[PDB]
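Novice: So I pulled this structure from the PDB, and the sequence comes with it:
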Amino acid sequence: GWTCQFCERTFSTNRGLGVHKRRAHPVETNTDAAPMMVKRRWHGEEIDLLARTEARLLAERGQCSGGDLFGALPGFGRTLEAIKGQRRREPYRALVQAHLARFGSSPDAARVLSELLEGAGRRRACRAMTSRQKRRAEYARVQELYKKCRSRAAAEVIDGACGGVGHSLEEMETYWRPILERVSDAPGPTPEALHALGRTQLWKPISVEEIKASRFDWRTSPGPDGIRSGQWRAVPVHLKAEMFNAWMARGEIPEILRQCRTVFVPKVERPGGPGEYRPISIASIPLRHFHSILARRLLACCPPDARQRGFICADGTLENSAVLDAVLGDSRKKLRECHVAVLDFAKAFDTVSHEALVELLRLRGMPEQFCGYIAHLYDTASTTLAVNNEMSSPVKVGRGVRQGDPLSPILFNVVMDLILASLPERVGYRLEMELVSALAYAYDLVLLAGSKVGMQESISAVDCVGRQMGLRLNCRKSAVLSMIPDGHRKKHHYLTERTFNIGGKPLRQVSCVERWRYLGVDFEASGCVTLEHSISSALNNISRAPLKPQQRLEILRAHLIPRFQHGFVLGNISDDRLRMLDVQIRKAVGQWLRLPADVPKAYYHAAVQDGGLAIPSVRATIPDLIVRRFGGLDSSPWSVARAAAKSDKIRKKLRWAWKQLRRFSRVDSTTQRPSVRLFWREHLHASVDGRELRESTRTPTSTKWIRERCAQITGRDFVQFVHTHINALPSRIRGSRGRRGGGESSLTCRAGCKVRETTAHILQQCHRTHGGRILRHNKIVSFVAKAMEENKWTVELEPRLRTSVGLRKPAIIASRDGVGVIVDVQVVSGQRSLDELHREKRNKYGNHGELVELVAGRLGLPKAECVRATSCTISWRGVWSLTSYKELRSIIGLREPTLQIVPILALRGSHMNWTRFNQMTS
DNA sequence: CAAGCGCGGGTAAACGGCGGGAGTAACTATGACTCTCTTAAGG
DNA sequence: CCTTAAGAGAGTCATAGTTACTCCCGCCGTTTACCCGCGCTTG
RNA sequence: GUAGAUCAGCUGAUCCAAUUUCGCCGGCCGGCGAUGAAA
Ligand SMILES: [Zn+2]
Ligand SMILES: [Zn+2]
C-alpha cells in the first residue's frame, strides 16, 4: 500500500520506500533531511572564538559582558541568552583567562654569447619587420605540431575542436591585457600578520656538479629568444657555470633572454570564453635552466609548511586528494559536521604586488642579494601575447609571478605560508584525533572547518590576508560544501541555500548530485563517485582527427590513458565498468587498424617488448596503480596522510585493488612484486595466433618497429605490418574459425597444393609465392650487404663455388683483417625454436670442411680456421634470433639500427608475397 | 529616593547525539549449468 | 593411414553477496527560554 | 570538380593518401624563417 510521492511506485514496507527515495530521488529527500536548529550543540570552535573575543574585549576595556558580545559578534548566530548561559560554564571562563594571560604579554664565452645574442636580435628584428581545404589545413597543422611538442598536438586532438584558441587576439587582449597591465595597490602585510608568520643561505657561487645534478627535460619549447634546446645543449658545462657565475655576481641577465611569449591554455574541456584561459608565460631556455637550479636550492634549503603539499604535486595530489576523500567519507559514516571550502587561486598568480612580495621575501630570512635580484627581474617584465601566429603589442607586466618560471611556484609558496599561518590555530577537522585544516594545493585551496562560525572566520581570515597581499578571491569557481547531520534521526544532509559570504558576494553551495572537480577529479557532496564516460567522445575526436593509424595508437597509448586513469584511481569504479571501457577501447583500436574480431585480447594489452601493442588495459592497470599509490600511505611522513590511511574506505579500496591485481597478474621472480606485463605476456604466448610470437621477449629490437621507429612507416604499410604480425591475413583456415561444415575444399589450398590452406603454407611453400620469396631474399641480403660496405668489408654475394659434395650456395662472403664473413640469410617459420634452426644452418656450413676450404681458397684467407660461418635468421613474423643477434652484434661488427630495420624488411617481404599470391589468385 | 532598565546567578523542559535492533532497493562480485574450438599413439 | 575420446574457453543469465542506506525505541547529556534579583540611571 | 582515388547527387561525404598560411633570399622553379603549451 506504500507508494512513492515522486515516482508512484509501490513498495511492501516504508523502509524500502525510504531507501527508494534515497537512491532514486536525492534532492527532495535531501530537503526533507534538513535538521532543526532549535538547540544546536556548542562545538569547540565556537567556544574558542567566544573566549578569545572576551579576552580581547576585556583586555581593552576591563569589563564586558554578553550585551557587548552580541555587538562584537554579529554573525555568531547565538542569542543574548545563549551567550549568557554558555558564559557561566567553568572551562570557558578558565579558557578566557588563558587567552587573557597570553594576550597580556672568459673572452671566448663573451664572444659566443655575443654571437647568440646577435642572432636572437636579428631574429627579433626580422619578426618585427571549403570543408575539404579546411581539413587539409588541419592536417598540416596537426602534423607540424605532433612531430614537435607532442603533448600539444595530443591535448589539441583529445579536445579536438580546431583547438587553436580561436577566441583570437581580439576577445583575448581586451580581457587579459588590462588585467596584466594594472599595477596592484596592495598595502602589504600588516605587522601582526608578520608576527604570526614568525611562528639558510641561498646566494653562493654555482657548482658544476650541481649543474649536472640538476635534471632538465630538454623536450622544451624555445622562447621568443629563438634559443632552442639544441644550441643550449651545445653549451658545455664549464661554460654554463662561468656564465651562471657571471650573472650570479652581476645580478642581471641580458635583456633579450628575459622576454616572454604569453600563450593561453584552457582549464575546462570546453572553453566558454576568455575567462577560462591561463596566461602561461614562456621565457628563454637559458633563463629557465638557470632558474631551475635556484628553484631546487630554495626548495631544499627552505621546506614549505607541513600543511602545504601543493608545489610538490608531481606526486603530491595523491595525498591531498586521498585525505579529502577520507575526511568526506568519515564525516558521512560518523555523521559529524564538516564544512569544506574549495577556493580558487587561478588568476591569483598574476595579482601579487611586487611591493608586497619584496618585503615578504626580505623578512622571511632570504638574503638581500636574492631579494634584490627578484625585485629587479619582476620590475622589468615585458611580455608579448601570441595566439595562432598573431602577436600583441608589447605589454608591461605589473603584477609579476609568471606561471611558467621555475621560481614562480616556490616564490608563491611563501605567500601561501603567510596565508596558511593567518588562519586561526584551533579550527579544523579532528580526523582520527589528528587536526587537519587546509590541504593547500598550489592552485586550489581548500579550507576545512567543524562549524559554520569557524568556517566563516577562516573565510574572513583568508580574505583579509589576500586583500593585504592584493590577491583577489574570485567568487565564480569557489564553492562551499556543508555536511550537517540530523541528530536524533541519524540522517546526513547538506545545506542548499548560500550561507557563507567571502567578504560579501555570497558563495555557491554545492549539493547532493551536483558534480564538481578539485583538480580534475570527479566529486560530489557524497564524495568521489564515478567518471562521466567521456572516453567515447575522446575516442571519436581521435578517430575524426587527421592522424595516421600509428599516431592514433600512440596518442591513445601515452596521453589519454594517464589523463583519465588519474581520475579513475582517485575514483571508485567497479571492475565491470572497467571491462566495458576496455572493450570499447579495443573495438576502437580495431576500427582504426582494420583488425578482425578473432584477434586475441592479449595482443592489444601485451607490452611492446613481448610483442603486443601496449594499450594499457584499464581493468588490470588500475588496480595496480591503486595498490602502488596507496601502499605508501601508511609510511607517509605527513601525519595527516597516515591518519587518513586508517579510514575504512581507503582500506577497503586497497583490499579490493589487491584482490584484482592478484587475479590479474603474476609474481615476478626477481623483485617478488606483482606485474601485469607478465600476465599479458603469458596470455599472448598461449593462443594459436600468438604461439609463433615467442622469441620476441629475448630479442629487444625485434619489436622496435611498433613504437620507437613507427615514424617512417606509412599508414598503409603499418596497418599491413600489424596485419601480418598477428597473422590477420584472411586465409581459408583463418576464415574457418567458426565455419567448418563446408567441404574440405573450403579448407584446402586455393592454388591446388592439396594441403591444409594455412597462412604459413601460403607464404612459404605455395608454388606461386616462391617468386615473391626470392624477391624478399635478395632484398634482405642486399640490405645487410650494404652494412658490410659501410663497415669496411670486401663483400661478394653468392660465391660461385663448386665443392666436391655439390653446389652449396653461400649468401655473401667478405674479409677484413681475417675473420670469416660467411653469412647466410634465412627467413623461417616460427613453429620451431629459432636457435635450433640457426644451429642447423650454421653446422651445415662450418662443419662441412670441404666448403670451408673452398671458401678459404676463394677468399684467399691464409688459415682455414680463420673463417667463421654464421646465419642471420628471422621468422616471417619478424622476430630476431638471439644467437644471431649476438653474432652480428659482436663478430661481424654492426650498429643496432641496422639490425633494427631487418624486421621491417622481413615483414614487408612477407606481405608483398601475400599480395602477389592474392593478385595471381586468378 | 522610588521605579525602570541593563547586568548577571538559578531552574527546568524540550533538543540531540548515540546505542540497540530489525531490515531492504539496488547494484555487483561470483558458482555453476549450457554452447564452441582442439594435439596424438596404440595395438 | 584416416580418425576420436577426451580436453579447455565463453554465454546471457540465475543466484548469492554486498553496499548504502532505512525507521523505531529508548536513554542521558546538553542548551537556552524564563525567573529573580543587584547596581546604575532617570524623574 | 578534387593534391589522388573512391561512394554519391558542378556540390557533398570516406580513405590505406592528405605540409595549410605568411614573410624572406633568390631565380611559373630552388632554399631559409615564422606558422613551435606550461614546470
Ligand atoms: Zn519514487
Ligand atoms: Zn598452396
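Specialist: Yep, that arrived. Numbering: from 1, shown residues only, chains lettered A, B, ... in the order given. Ligands and ions are numbered 1, 2, ... in the order given.

Novice: residues near the residue in the stretch 51-200 of chain A positioned nearest to DNA strand B, how many?
Specialist: For the stretch 51-200 of chain A and DNA strand B, the shortest gap (CB to the nearest atom of the strand) falls at residue A:67, measuring 2.8 Å. C-beta coordinates here come from the backbone N, C-alpha and C atoms, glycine included. For residue A:67, the neighbour count with other CB atoms under 10 Å is 10.

Novice: ok, now residue A:615?
Specialist: Counted with other CB under 10 Å, residue A:615 comes out at 18.

Novice: That one against residue A:556, yeah?
Specialist: Yes. Contact between residue A:615 and residue A:556 holds when scored by CB atoms under 8 Å: they sit 6.6 Å apart.

Novice: who touches stretch A:662-680?
Specialist: With contact meaning CB atoms under 8 Å, 6 or more residues apart in numbering, stretch A:662-680 is reached by A:602, A:605-607, A:610, A:612, A:617, A:619-621, A:623-624, A:661, A:682.

Novice: Who wins on neighbours among those?
Specialist: Counting neighbours by other CB under 10 Å, residue A:606 leads these with 30 neighbours.

Novice: measure that one to residue A:564 for me?
Specialist: In this view, residue A:606 and residue A:564 are 21 Å apart by CB to CB, to the nearest Å.

Novice: Likewise for residue A:267?
Specialist: Applying CB to CB, the value for residue A:267 to residue A:564 is 17 Å.

Novice: residue boundaries of the strands in the stretch 251-400 of chain A?
Specialist: Here the stretch 251-400 of chain A has its strands, by DSSP state E, counting those that start in this stretch, at A:263-266, A:277-280, A:338-344, A:382-383, A:386-387, A:390-391, A:395-396.

Novice: List just the one of those strands that sits closest to residue A:103.
Specialist: Residue A:103 lies closest, by CB to CB, to one member of the strands of the stretch 251-400 of chain A: strand A:338-344, at 27.3 Å.

Novice: Can you pull the phi/psi pair for residue A:823?
Specialist: Backbone torsions of residue A:823, given as degrees, to the nearest 10, read phi -110, psi 130.

Novice: swap in residue A:248?
Specialist: Here residue A:248 shows phi and psi, under degrees, to the nearest 10, equal to phi -60, psi -50.

Novice: And for residue A:674?
Specialist: When read as degrees, to the nearest 10, the backbone of residue A:674 gives phi -60, psi 140.

Novice: Identify the residue nearest it in space, chain neighbours excluded?
Specialist: Nearest residue to residue A:674, sequence neighbours excluded (CB to CB, 6 or more residues apart in numbering): residue A:665, at 4.1 Å.

Novice: same deal with residue A:362?
Specialist: Closest residue to residue A:362 apart from its sequence neighbours, by CB to CB, 6+ apart: residue A:371 at 5.0 Å.

Novice: Any idea which residue of chain A lies closest to RNA strand D?
Specialist: Checked against RNA strand D (CB to the nearest atom of the strand), the nearest residue in chain A is residue A:715, 2.4 Å away.

Novice: right, and that residue touches residue A:549 too?
Specialist: Yes. At 5.2 Å, residue A:715 and residue A:549 qualify as touching, with contact defined as CB under 8 Å.

Novice: What residues does residue A:548 make contact with?
Specialist: By CB under 8 Å, 6+ apart, the contact set of residue A:548 is A:714-715, A:718.
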